[PDB]
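Structural characterization, general
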Amino acid sequence: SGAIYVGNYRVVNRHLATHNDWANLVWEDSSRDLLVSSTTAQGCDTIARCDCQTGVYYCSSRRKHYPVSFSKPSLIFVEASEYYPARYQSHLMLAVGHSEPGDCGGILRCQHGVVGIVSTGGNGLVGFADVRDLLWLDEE
Ligand SMILES: CNC(=O)[C@@H](c1cccc(C)c1)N1C[C@@H](C(N)=O)CC1=O
Ligand SMILES: [Zn+2]
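Residues numbered from 1 in each chain as written, not as in the entry; some residues may be left out. Chains lettered and ligands numbered in written order. Heavy atoms only, no water.

In the PDB archive, X-ray crystallography is given as the structure determination method for this entry, at a resolution of 1.310 Å.

Following this line, the structure appears as structure tokens:
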């Protein structure tokens, strides 16, 4: 589990969104595994606006932050899970690192701010849904 809290927005994995998220919906995209809802209080996270390929992510199944090198956002085939059939997920970045399904939501960050959240993994890989192209998260 986990979210990004930027401005009056809450960014979560679409497959983990709550009823309150759907009832206060700003934007969602199944192909990216992302959903954004509105919040009453202002958050403290800032979004990175960069092309970093190194950063650090939080892994809840280890209670640890790990440094990682990650690929550029791309269209990657992801195997079937209880949340989606096997399909292509867009704007996804892969790295070598530990992950388990409940690690989704952990933040990946670089020197500039939040880059994205854990969305996929297994077999010593972890995939992150990028948010750096969502420029509207910085306004409203
Ligand atoms: C092949 N299955 C997975 O990659 C697991 C998973 C497996 C291990 C670790 C993590 C973080 C997620 N996914 C991917 C998610 C998605 N975005 O489609 C839904 C899900 O359950
Ligand atoms: Zn950066």
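Next comes the rest of the account.
Observations concerning the coordination of the zinc ion (ligand 2)
The coordination sphere of the zinc ion (ligand 2), as far as protein atoms go, consists of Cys-50 (SG), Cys-52 (SG), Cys-110 (SG) and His-112 (ND1), spread over 2.0 to 2.4 Å. Its 4 donor atoms give the zinc ion (ligand 2) angles of 103 to 117° at the centre, a pattern that matches the tetrahedral case. Sequence positions of the donors to the zinc ion (ligand 2) reduce to the motif C-x1-C-x57-C-x1-H. Accessibility expressed as a relative area gives 23% for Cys-50, which makes it partly exposed. Judged by its relative accessible area of 16%, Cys-52 falls in the buried class. (Donors = N, O, S within 2.8 Å, 3.2 Å for Na, K, Ca; no water. Tetrahedral: all angles 85-135°; square planar, octahedral: opposite > 155°, others 65-115°. Buried < 20%, exposed > 50% of the residue type's maximum accessible area, 1.4 Å probe, protein only.)

Details of the pattern of salt bridges
Note on pairing: side chains with opposite charge can pair once their charged atoms come close. The full count for this structure, using the stated rule, is 6 salt bridges. The partner of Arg-10 in a salt bridge is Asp-21, with the nearest N and O atoms 2.8 Å apart. You can see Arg-10 sitting in strand β2 (residues 9-13) and its partner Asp-21 sitting in helix α1 (residues 19-23), a full 11 residues away along the chain. Judged on exposure class, the residue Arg-10 and its partner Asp-21 are both buried. Two residues, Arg-14 and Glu-28, come together in a salt bridge whose shortest N-O distance is 2.8 Å. Of this pair, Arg-14 sits in the loop between β2 and α1 while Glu-28 sits in strand β3 (residues 25-29), and the two are 14 residues apart along the sequence. (Salt bridge = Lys/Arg side-chain N within 4 Å of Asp/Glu carboxyl O. Helix = DSSP H or I, 4+ residues; strand = E, 2+ residues; numbered from the N terminus.)

Quick notes on the site of ligand 1
Neighbouring ligand 1 are 17 residues; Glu-79, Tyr-84, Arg-87, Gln-89 and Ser-119 lie closest to it. At 3.5 Å, a side-chain N or O of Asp-33 approaches a nitrogen atom of ligand 1. Within the contact set of ligand 1, a nitrogen atom lies 2.9 Å away from a side-chain nitrogen or oxygen of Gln-89. Contact with the protein chains covers 90% of the free accessible surface of ligand 1, which is 490 Å². Among the elements of the structure, β8 (87-96) and β10 (113-122) are those that each provide at least two residues to the shell around ligand 1. Of all the elements, β10 adds the most residues to the shell around ligand 1, at 5 residues. (Near = heavy atom within 4 Å. Polar contact = N/O pair within 3.5 Å; in protein donor to acceptor, adjacent residues only side chain to side chain. Areas by Shrake-Rupley, 256 points an atom, 1.4 Å probe, with all protein chains shown as cover.)

Some thoughts on the sheet that holds strand β6 (residues 64-69)
Strand order in this open sheet of 7 strands is β6-β5-β9-β10-β11-β8-β7, and the pairing throughout is antiparallel. Of all strands in the sheet, those bounded by a partner on one side alone are β6 and β7 (74-78). The sheet shows a mean angle of 50° between the axes of neighbouring strands, direction not considered. By the bridge criterion, 4 bridges tie strand β9 (residues 107-110) to β10 in an arrangement that is antiparallel. Following the sheet pairing, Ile-107 is matched in β10 by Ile-117. (Pairing = 2+ DSSP bridges. Axes fitted to C-alpha atoms, helices over the stretch in contact; angles between N-to-C directions.)

Description of the pairing of strand β11 (residues 125-130)
Burial within β11 is extensive, with 5 of its 6 residues counted as buried. Pairing of β10 with β11, which is carried by 6 bridges, proceeds in the antiparallel orientation. Counted as the bridge partner of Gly-122 is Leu-125 from β11.

A short note on unusual backbone geometry
Of note in this structure, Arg-63 is not a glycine but carries a positive phi near 50°. If you trace the backbone, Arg-63 turns up in the loop between β5 (54-59) and β6. Exposure remark for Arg-63: the relative accessible area of 73% places this residue in the exposed category. We note that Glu-140 has phi near 105°; this positive angle belongs to a residue other than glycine. Take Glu-140: it is sitting in the segment after β11.

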